[PDB]
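**Q** Supplied structure: query.cif, mmCIF, C-alpha atoms and all ligand atoms.
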```cif
data_protein
loop_
_atom_site.group_PDB
_atom_site.id
_atom_site.type_symbol
_atom_site.label_atom_id
_atom_site.label_comp_id
_atom_site.auth_asym_id
_atom_site.auth_seq_id
_atom_site.Cartn_x
_atom_site.Cartn_y
_atom_site.Cartn_z
ATOM 1 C CA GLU I 2 -5.578 23.628 -3.398
ATOM 2 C CA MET I 3 -2.461 23.433 -1.126
ATOM 3 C CA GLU I 4 -0.927 26.749 -2.446
ATOM 4 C CA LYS I 5 -3.888 28.659 -0.869
ATOM 5 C CA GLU I 6 -3.712 26.459 2.302
ATOM 6 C CA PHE I 7 0.070 27.342 2.399
ATOM 7 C CA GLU I 8 -0.608 31.143 2.470
ATOM 8 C CA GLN I 9 -3.340 30.484 5.140
ATOM 9 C CA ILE I 10 -1.044 28.511 7.535
ATOM 10 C CA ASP I 11 1.870 30.912 6.732
ATOM 11 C CA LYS I 12 -0.105 34.233 7.194
ATOM 12 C CA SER I 13 -1.703 32.739 10.396
ATOM 13 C CA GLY I 14 1.745 31.195 11.364
ATOM 14 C CA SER I 15 -0.094 27.890 12.229
ATOM 15 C CA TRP I 16 2.723 25.406 11.223
ATOM 16 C CA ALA I 17 3.391 24.224 14.842
ATOM 17 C CA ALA I 18 -0.431 23.640 15.167
ATOM 18 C CA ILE I 19 -0.878 21.621 11.896
ATOM 19 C CA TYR I 20 2.318 19.646 12.750
ATOM 20 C CA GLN I 21 0.995 18.849 16.299
ATOM 21 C CA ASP I 22 -2.362 17.512 14.867
ATOM 22 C CA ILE I 23 -0.328 15.155 12.548
ATOM 23 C CA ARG I 24 1.693 13.993 15.636
ATOM 24 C CA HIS I 25 -1.687 13.266 17.392
ATOM 25 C CA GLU I 26 -3.264 11.458 14.369
ATOM 26 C CA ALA I 27 -0.136 9.327 13.493
ATOM 27 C CA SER I 28 -0.301 5.485 13.684
ATOM 28 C CA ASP I 29 1.380 3.670 16.605
ATOM 29 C CA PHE I 30 2.266 -0.021 16.052
ATOM 30 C CA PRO I 31 4.375 -2.537 17.950
ATOM 31 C CA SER I 32 8.200 -2.500 17.474
ATOM 32 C CA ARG I 33 9.058 -5.521 19.687
ATOM 33 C CA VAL I 34 11.933 -6.830 17.527
ATOM 34 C CA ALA I 35 13.704 -3.370 17.638
ATOM 35 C CA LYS I 36 13.507 -3.405 21.494
ATOM 36 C CA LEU I 37 15.000 -6.950 22.043
ATOM 37 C CA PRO I 38 18.243 -6.624 24.095
ATOM 38 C CA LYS I 39 20.351 -8.390 21.353
ATOM 39 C CA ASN I 40 19.410 -5.516 18.908
ATOM 40 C CA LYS I 41 20.354 -2.601 21.263
ATOM 41 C CA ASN I 42 23.670 -1.922 19.378
ATOM 42 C CA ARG I 43 21.932 -2.177 15.932
ATOM 43 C CA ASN I 44 19.945 1.078 16.717
ATOM 44 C CA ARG I 45 21.418 4.606 16.578
ATOM 45 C CA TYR I 46 18.564 6.302 18.589
ATOM 46 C CA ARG I 47 16.529 4.367 21.220
ATOM 47 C CA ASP I 48 13.300 6.331 20.355
ATOM 48 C CA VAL I 49 13.547 5.627 16.511
ATOM 49 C CA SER I 50 12.347 2.072 15.695
ATOM 50 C CA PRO I 51 10.950 0.213 12.715
ATOM 51 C CA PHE I 52 7.395 -1.125 13.321
ATOM 52 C CA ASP I 53 7.418 -4.959 13.273
ATOM 53 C CA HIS I 54 4.826 -5.123 10.403
ATOM 54 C CA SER I 55 6.874 -3.028 7.882
ATOM 55 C CA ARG I 56 10.497 -3.844 9.033
ATOM 56 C CA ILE I 57 13.069 -5.139 6.447
ATOM 57 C CA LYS I 58 14.381 -8.577 7.462
ATOM 58 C CA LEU I 59 17.971 -9.603 6.645
ATOM 59 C CA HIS I 60 18.162 -13.162 5.124
ATOM 60 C CA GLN I 61 20.816 -14.283 7.722
ATOM 61 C CA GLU I 62 19.483 -17.082 10.064
ATOM 62 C CA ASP I 63 21.325 -15.718 13.151
ATOM 63 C CA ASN I 64 19.818 -12.169 13.591
ATOM 64 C CA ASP I 65 17.586 -10.764 10.806
ATOM 65 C CA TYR I 66 17.289 -7.274 12.371
ATOM 66 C CA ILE I 67 18.125 -3.964 10.732
ATOM 67 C CA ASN I 68 16.707 -0.525 11.617
ATOM 68 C CA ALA I 69 14.832 -0.154 8.317
ATOM 69 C CA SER I 70 11.177 0.077 7.095
ATOM 70 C CA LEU I 71 9.454 -0.613 3.758
ATOM 71 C CA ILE I 72 7.066 2.287 2.855
ATOM 72 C CA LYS I 73 4.605 1.024 0.153
ATOM 73 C CA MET I 74 2.539 3.751 -1.602
ATOM 74 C CA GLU I 75 -0.140 1.657 -3.372
ATOM 75 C CA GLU I 76 -1.803 4.415 -5.473
ATOM 76 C CA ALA I 77 1.573 5.956 -6.551
ATOM 77 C CA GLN I 78 3.102 2.475 -7.287
ATOM 78 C CA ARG I 79 6.221 3.657 -5.395
ATOM 79 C CA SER I 80 8.154 1.883 -2.603
ATOM 80 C CA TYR I 81 11.057 3.224 -0.472
ATOM 81 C CA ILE I 82 13.212 1.675 2.239
ATOM 82 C CA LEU I 83 13.927 4.218 4.988
ATOM 83 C CA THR I 84 16.874 3.332 7.265
ATOM 84 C CA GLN I 85 19.205 4.990 9.792
ATOM 85 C CA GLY I 86 22.724 6.113 8.945
ATOM 86 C CA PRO I 87 24.662 2.838 9.305
ATOM 87 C CA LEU I 88 26.774 2.378 12.475
ATOM 88 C CA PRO I 89 30.356 1.042 12.408
ATOM 89 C CA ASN I 90 28.850 -2.423 13.252
ATOM 90 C CA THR I 91 25.894 -2.329 10.763
ATOM 91 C CA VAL I 92 27.774 -1.291 7.529
ATOM 92 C CA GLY I 93 27.943 -4.973 6.409
ATOM 93 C CA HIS I 94 24.183 -5.311 7.256
ATOM 94 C CA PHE I 95 23.283 -2.155 5.297
ATOM 95 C CA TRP I 96 24.983 -3.498 2.104
ATOM 96 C CA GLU I 97 23.471 -7.000 2.655
ATOM 97 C CA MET I 98 19.995 -5.321 2.645
ATOM 98 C CA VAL I 99 20.856 -3.353 -0.569
ATOM 99 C CA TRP I 100 21.892 -6.695 -2.107
ATOM 100 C CA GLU I 101 18.838 -8.712 -0.869
ATOM 101 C CA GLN I 102 16.177 -6.068 -1.802
ATOM 102 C CA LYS I 103 17.744 -5.575 -5.351
ATOM 103 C CA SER I 104 17.902 -1.788 -4.812
ATOM 104 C CA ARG I 105 19.537 0.241 -7.669
ATOM 105 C CA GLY I 106 19.927 3.555 -5.696
ATOM 106 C CA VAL I 107 21.076 4.782 -2.261
ATOM 107 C CA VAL I 108 19.999 8.365 -1.370
ATOM 108 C CA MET I 109 21.921 10.107 1.455
ATOM 109 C CA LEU I 110 20.622 13.459 2.799
ATOM 110 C CA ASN I 111 23.295 14.100 5.522
ATOM 111 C CA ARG I 112 27.089 14.756 5.679
ATOM 112 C CA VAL I 113 29.146 12.185 7.680
ATOM 113 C CA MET I 114 29.912 14.949 10.236
ATOM 114 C CA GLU I 115 27.406 17.654 11.165
ATOM 115 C CA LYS I 116 27.451 19.922 14.264
ATOM 116 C CA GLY I 117 30.935 18.485 15.051
ATOM 117 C CA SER I 118 29.500 14.907 15.572
ATOM 118 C CA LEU I 119 29.428 11.728 13.409
ATOM 119 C CA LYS I 120 25.887 11.284 11.957
ATOM 120 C CA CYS I 121 26.809 8.142 9.982
ATOM 121 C CA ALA I 122 29.686 5.624 9.416
ATOM 122 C CA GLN I 123 31.735 6.148 6.198
ATOM 123 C CA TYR I 124 30.045 3.166 4.428
ATOM 124 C CA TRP I 125 31.411 3.646 0.825
ATOM 125 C CA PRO I 126 35.063 3.770 -0.511
ATOM 126 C CA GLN I 127 36.773 7.172 -1.054
ATOM 127 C CA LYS I 128 39.194 6.038 -3.779
ATOM 128 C CA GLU I 129 38.902 3.705 -6.787
ATOM 129 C CA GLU I 130 41.924 1.635 -5.708
ATOM 130 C CA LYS I 131 40.867 1.188 -2.006
ATOM 131 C CA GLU I 132 37.768 -1.109 -2.195
ATOM 132 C CA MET I 133 35.913 -2.206 1.070
ATOM 133 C CA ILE I 134 35.357 -5.877 2.076
ATOM 134 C CA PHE I 135 32.533 -6.615 4.602
ATOM 135 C CA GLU I 136 33.770 -9.943 6.073
ATOM 136 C CA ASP I 137 30.547 -10.403 8.181
ATOM 137 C CA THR I 138 28.283 -10.363 5.047
ATOM 138 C CA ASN I 139 30.773 -11.495 2.326
ATOM 139 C CA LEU I 140 30.362 -8.415 0.049
ATOM 140 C CA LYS I 141 32.926 -6.213 -1.704
ATOM 141 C CA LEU I 142 32.266 -2.567 -2.627
ATOM 142 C CA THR I 143 34.366 -0.625 -5.233
ATOM 143 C CA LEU I 144 34.079 3.059 -6.158
ATOM 144 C CA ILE I 145 33.862 3.090 -10.045
ATOM 145 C CA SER I 146 33.341 6.868 -10.576
ATOM 146 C CA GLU I 147 32.360 9.989 -8.603
ATOM 147 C CA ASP I 148 30.700 13.087 -10.128
ATOM 148 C CA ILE I 149 30.951 16.039 -7.636
ATOM 149 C CA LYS I 150 28.581 19.018 -8.258
ATOM 150 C CA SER I 151 27.645 22.163 -6.259
ATOM 151 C CA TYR I 152 24.623 20.736 -4.313
ATOM 152 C CA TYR I 153 25.168 16.921 -4.594
ATOM 153 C CA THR I 154 27.485 14.071 -5.609
ATOM 154 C CA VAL I 155 26.678 10.922 -7.629
ATOM 155 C CA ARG I 156 28.902 7.904 -7.213
ATOM 156 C CA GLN I 157 28.816 4.701 -9.305
ATOM 157 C CA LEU I 158 29.668 1.703 -7.077
ATOM 158 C CA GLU I 159 30.058 -1.973 -7.897
ATOM 159 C CA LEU I 160 28.690 -4.344 -5.230
ATOM 160 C CA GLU I 161 30.074 -7.925 -5.558
ATOM 161 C CA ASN I 162 28.586 -10.990 -3.823
ATOM 162 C CA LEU I 163 31.844 -12.780 -2.877
ATOM 163 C CA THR I 164 29.783 -15.983 -2.308
ATOM 164 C CA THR I 165 28.425 -16.162 -5.934
ATOM 165 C CA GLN I 166 30.668 -13.591 -7.741
ATOM 166 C CA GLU I 167 27.539 -11.781 -9.084
ATOM 167 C CA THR I 168 28.063 -7.967 -9.356
ATOM 168 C CA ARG I 169 25.626 -5.032 -9.487
ATOM 169 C CA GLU I 170 26.019 -1.353 -10.166
ATOM 170 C CA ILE I 171 24.643 0.752 -7.280
ATOM 171 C CA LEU I 172 24.126 4.553 -7.638
ATOM 172 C CA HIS I 173 24.825 6.690 -4.535
ATOM 173 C CA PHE I 174 23.029 10.081 -4.627
ATOM 174 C CA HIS I 175 24.495 12.259 -1.880
ATOM 175 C CA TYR I 176 22.827 15.657 -1.161
ATOM 176 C CA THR I 177 25.715 17.494 0.489
ATOM 177 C CA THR I 178 24.230 20.996 1.105
ATOM 178 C CA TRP I 179 21.334 20.490 3.581
ATOM 179 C CA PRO I 180 22.199 23.101 6.253
ATOM 180 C CA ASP I 181 23.304 21.930 9.804
ATOM 181 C CA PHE I 182 20.303 23.901 11.232
ATOM 182 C CA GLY I 183 16.800 24.257 9.711
ATOM 183 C CA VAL I 184 15.865 23.671 6.034
ATOM 184 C CA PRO I 185 17.128 25.134 2.713
ATOM 185 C CA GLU I 186 15.772 28.644 1.881
ATOM 186 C CA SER I 187 14.765 27.522 -1.664
ATOM 187 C CA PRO I 188 13.633 23.973 -2.634
ATOM 188 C CA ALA I 189 15.207 24.487 -6.118
ATOM 189 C CA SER I 190 18.363 22.351 -5.529
ATOM 190 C CA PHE I 191 16.410 19.605 -3.640
ATOM 191 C CA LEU I 192 13.903 19.314 -6.575
ATOM 192 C CA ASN I 193 16.881 19.177 -9.015
ATOM 193 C CA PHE I 194 18.282 16.321 -6.819
ATOM 194 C CA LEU I 195 14.885 14.521 -6.793
ATOM 195 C CA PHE I 196 14.676 14.848 -10.659
ATOM 196 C CA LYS I 197 18.215 13.426 -10.979
ATOM 197 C CA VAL I 198 17.342 10.363 -8.821
ATOM 198 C CA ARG I 199 14.152 9.732 -10.890
ATOM 199 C CA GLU I 200 16.121 10.086 -14.161
ATOM 200 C CA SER I 201 18.564 7.352 -12.974
ATOM 201 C CA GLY I 202 15.737 4.767 -12.949
ATOM 202 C CA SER I 203 16.446 4.101 -9.202
ATOM 203 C CA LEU I 204 12.750 4.852 -8.284
ATOM 204 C CA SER I 205 11.444 2.624 -11.067
ATOM 205 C CA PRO I 206 9.496 -0.627 -10.522
ATOM 206 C CA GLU I 207 12.004 -2.653 -12.658
ATOM 207 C CA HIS I 208 14.294 -2.359 -9.530
ATOM 208 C CA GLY I 209 14.038 -3.076 -5.810
ATOM 209 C CA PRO I 210 13.049 -0.134 -3.599
ATOM 210 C CA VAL I 211 15.419 2.812 -3.307
ATOM 211 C CA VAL I 212 17.220 3.004 0.089
ATOM 212 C CA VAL I 213 16.888 6.526 1.678
ATOM 213 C CA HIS I 214 18.702 7.604 4.874
ATOM 214 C CA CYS I 215 19.724 10.677 6.899
ATOM 215 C CA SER I 216 21.007 10.166 10.514
ATOM 216 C CA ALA I 217 17.685 8.833 11.967
ATOM 217 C CA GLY I 218 16.065 8.136 8.531
ATOM 218 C CA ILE I 219 12.785 10.060 9.341
ATOM 219 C CA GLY I 220 13.351 13.854 8.988
ATOM 220 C CA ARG I 221 15.077 14.756 5.679
ATOM 221 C CA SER I 222 14.336 11.188 4.366
ATOM 222 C CA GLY I 223 10.637 11.837 4.989
ATOM 223 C CA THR I 224 10.748 15.079 2.921
ATOM 224 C CA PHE I 225 12.355 13.174 0.023
ATOM 225 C CA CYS I 226 9.628 10.460 -0.102
ATOM 226 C CA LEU I 227 6.689 12.808 0.651
ATOM 227 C CA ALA I 228 7.704 15.151 -2.254
ATOM 228 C CA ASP I 229 8.353 12.310 -4.728
ATOM 229 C CA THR I 230 4.986 10.588 -3.948
ATOM 230 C CA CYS I 231 2.835 13.792 -3.912
ATOM 231 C CA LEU I 232 4.251 14.943 -7.290
ATOM 232 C CA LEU I 233 3.641 11.436 -8.807
ATOM 233 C CA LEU I 234 -0.024 11.440 -7.610
ATOM 234 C CA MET I 235 -0.500 14.937 -9.184
ATOM 235 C CA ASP I 236 0.498 13.361 -12.579
ATOM 236 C CA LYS I 237 -1.728 10.318 -12.011
ATOM 237 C CA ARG I 238 -5.036 11.861 -10.800
ATOM 238 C CA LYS I 239 -7.815 13.430 -12.927
ATOM 239 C CA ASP I 240 -7.885 16.341 -10.424
ATOM 240 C CA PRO I 241 -4.283 17.145 -9.309
ATOM 241 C CA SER I 242 -5.654 19.397 -6.466
ATOM 242 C CA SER I 243 -7.308 16.279 -4.872
ATOM 243 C CA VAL I 244 -3.762 15.598 -3.423
ATOM 244 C CA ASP I 245 -3.651 16.370 0.368
ATOM 245 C CA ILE I 246 0.008 16.286 1.645
ATOM 246 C CA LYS I 247 -1.264 15.761 5.290
ATOM 247 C CA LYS I 248 -3.175 12.599 4.168
ATOM 248 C CA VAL I 249 -0.141 11.291 2.219
ATOM 249 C CA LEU I 250 2.130 11.948 5.254
ATOM 250 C CA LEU I 251 -0.295 10.039 7.574
ATOM 251 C CA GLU I 252 -0.350 7.059 5.083
ATOM 252 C CA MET I 253 3.519 7.016 5.090
ATOM 253 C CA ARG I 254 3.551 7.199 8.940
ATOM 254 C CA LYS I 255 1.642 3.840 9.064
ATOM 255 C CA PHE I 256 4.976 2.335 7.809
ATOM 256 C CA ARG I 257 7.644 4.294 9.812
ATOM 257 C CA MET I 258 7.262 6.616 12.850
ATOM 258 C CA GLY I 259 8.225 10.303 12.912
ATOM 259 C CA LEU I 260 8.594 10.978 9.135
ATOM 260 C CA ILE I 261 9.064 14.870 9.055
ATOM 261 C CA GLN I 262 10.597 15.778 12.485
ATOM 262 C CA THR I 263 9.754 19.556 12.574
ATOM 263 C CA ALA I 264 7.104 22.138 11.477
ATOM 264 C CA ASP I 265 9.993 23.570 9.374
ATOM 265 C CA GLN I 266 10.356 20.272 7.487
ATOM 266 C CA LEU I 267 6.527 20.192 7.027
ATOM 267 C CA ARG I 268 6.569 23.760 5.532
ATOM 268 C CA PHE I 269 9.623 22.937 3.327
ATOM 269 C CA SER I 270 7.715 19.811 2.035
ATOM 270 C CA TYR I 271 4.694 21.988 1.051
ATOM 271 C CA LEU I 272 7.105 24.421 -0.743
ATOM 272 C CA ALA I 273 8.935 21.516 -2.490
ATOM 273 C CA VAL I 274 5.627 20.038 -3.725
ATOM 274 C CA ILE I 275 4.146 23.501 -4.706
ATOM 275 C CA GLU I 276 7.343 24.439 -6.664
ATOM 276 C CA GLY I 277 7.737 20.967 -8.235
ATOM 277 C CA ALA I 278 4.056 21.127 -9.390
ATOM 278 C CA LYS I 279 4.984 24.191 -11.599
ATOM 279 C CA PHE I 280 7.745 22.214 -13.480
ATOM 280 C CA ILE I 281 5.205 19.314 -13.908
ATOM 281 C CA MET I 282 2.188 21.501 -15.051
HETATM 282 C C1 LIG E 301 26.167 6.950 17.744
HETATM 283 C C2 LIG E 301 25.158 6.410 18.389
HETATM 284 S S1 LIG E 301 25.432 4.773 18.802
HETATM 285 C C3 LIG E 301 27.014 4.818 18.030
HETATM 286 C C4 LIG E 301 27.903 3.660 17.978
HETATM 287 N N1 LIG E 301 27.423 2.344 18.034
HETATM 288 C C5 LIG E 301 28.512 1.500 17.981
HETATM 289 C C6 LIG E 301 29.595 2.325 17.898
HETATM 290 N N2 LIG E 301 29.253 3.677 17.892
HETATM 291 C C7 LIG E 301 27.249 6.024 17.520
#
```
Using structure tokens, write down the structure from this file.
Ligand SMILES: c1csc(-c2ncc[nH]2)c1

**A**
Amino acid sequence: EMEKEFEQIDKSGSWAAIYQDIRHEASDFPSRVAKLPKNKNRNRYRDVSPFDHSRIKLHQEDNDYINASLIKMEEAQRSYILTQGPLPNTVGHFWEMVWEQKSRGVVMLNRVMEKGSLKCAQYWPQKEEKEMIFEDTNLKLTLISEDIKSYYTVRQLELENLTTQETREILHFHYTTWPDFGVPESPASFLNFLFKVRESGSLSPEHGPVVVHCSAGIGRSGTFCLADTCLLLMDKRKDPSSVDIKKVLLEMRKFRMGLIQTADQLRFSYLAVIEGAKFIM
């Protein structure tokens, strides 16, 4: 059981050691499309790239590239798209991908500004009456409603395909209280946030994969997906304690590099799963 393994690593203070072994054991696959010169300005960080095998392709004939990865968890019957914070230039591309993958939810784990820098373009409208048009990708985005709470905000958006006049409701789940440095003290509000996303049906197989992003789409994003998947496998399996979070993390890392950036995020993920297991059992 992971609870006892938690105390072990914690009492021994071995988090940097565990984390380093995971770094060592992680998959490395080609990312040739990410590195093409024509895609240089479609990437926020030069050392964060989608693998070619799991990358999301845009259905535009010109350049199909976006910094985004499909993570398929076969046993848990869960899929996620992990992507970077859109850039000023890639906001049209981001919404094109939401449209093409038939996603119902966007999950954002960063503020637009953190540490006095921009982590992310402002990619949704701030007022009902000021909708956004993406001329490059022929989409229109309207804020329908906005429910602001202590730890997070939920926004209903309408996405319209200007080409075909089809519309879809997209839910934007925005966790607004992740601290600028380190990880939250308690996983309580993060679990609450995870339960709210699940309840929306955005993680459900009747929809395309949820889109999850922070700035790089690997650190906080990773914690989101790792916690969701581990909790789901604890429901599914005959023996819930068969679930090894290190194994699950290594299976997710086949799909996107660098998921969980720090030993702190690793520890927080254990704590999120351990605490969420109580509510589930
Ligand atoms: C941060 C990293 S790259 C970037 C950017 N790309 C295009 C405009 N601003 C902002």

**Q** Kindly indicate which residue among I:36, I:120, I:112, I:79 lies nearest to ligand LIG 301 (chain E), using all atoms listed in the file for the distances.

**A**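 Ranking I:36, I:120, I:112, I:79 by distance to ligand LIG 301 (chain E), first place goes to I:120.
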
**Q** Neighbours of ligand LIG 301 (chain E) at 12 Å or closer, counting all atoms listed in the file: which residues, as a VMD selection string?

**A** chain I and resid 40 to 47 49 85 to 92 113 to 114 118 to 122 216 to 217

**Q** List the residues matched by the PyMOL selection byres (((chain I and resi 157) around 9) and not hetatm) in the displayed structure as number ranges by chain, ordered by chain and then by residue number.

**A** I: 143-148, 155-156, 158-159, 170-173

**Q** For the structure shown, which residues end up in the PyMOL selection byres (((chain I and resi 194-202) around 8) and not hetatm)? Put them as a ChimeraX atom specification, please?

**A** /I:105-106,153,174,176,190-193,203-205,225,229

**Q** Please list as a list in words every residue within 10 Å of residue 247 of chain I, counting all atoms listed in the file and excluding residues in the same chain fewer than 2 positions away.

**A**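 Neighbouring residues, sequence-local ones excluded: residues 19, 20, 22, 23, 227, 244, 245, 249, 250, 251, 252, 253, 267 and 271 of chain I.
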
**Q** Hey, can you check how far atom CA of residue 206 of chain I sits from atom CA of residue 150 of chain I?

**A** 27.5 Å

**Q** Name the residues that the PyMOL selection byres (((chain I and resi 65) around 12) and not hetatm) picks from the file above, as an MDAnalysis selection string, using the file's chain letters and numbers.

**A** chainID I and resid 34:35 39:40 43 53 56:64 66:69 91 94:95 97:98 101

**Q** Would you place a box with edges along x, y and z of the file around all atoms of segment 262-277 of chain I listed there, add 8 Å to each of its six sides, and report the centre and edge lengths in Å to one decimal, as lines of an AutoDock Vina configuration file?

**A**
```
center_x = 7.4
center_y = 20.1
center_z = 2.2
size_x = 22.5
size_y = 24.7
size_z = 36.8
```

**Q** So, counting all atoms listed in the file, which residue among I:280, I:12, I:38, I:224 is closest to residue 262 of chain I?

**A**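 With all atoms listed in the file as the atom set, the closest residue is I:224.
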
**Q** Between atom CA of residue 123 of chain I and atom CA of residue 136 of chain I, what distance in Å does the model show, to one decimal?

**A**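 These two atoms are separated by 16.2 Å.
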
**Q** Taking all atoms listed in the file into account, which of I:117, I:277, I:241, I:220 comes nearest residue 261 of chain I?

**A**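 Nearest candidate to residue 261 of chain I out of I:117, I:277, I:241, I:220: I:220.
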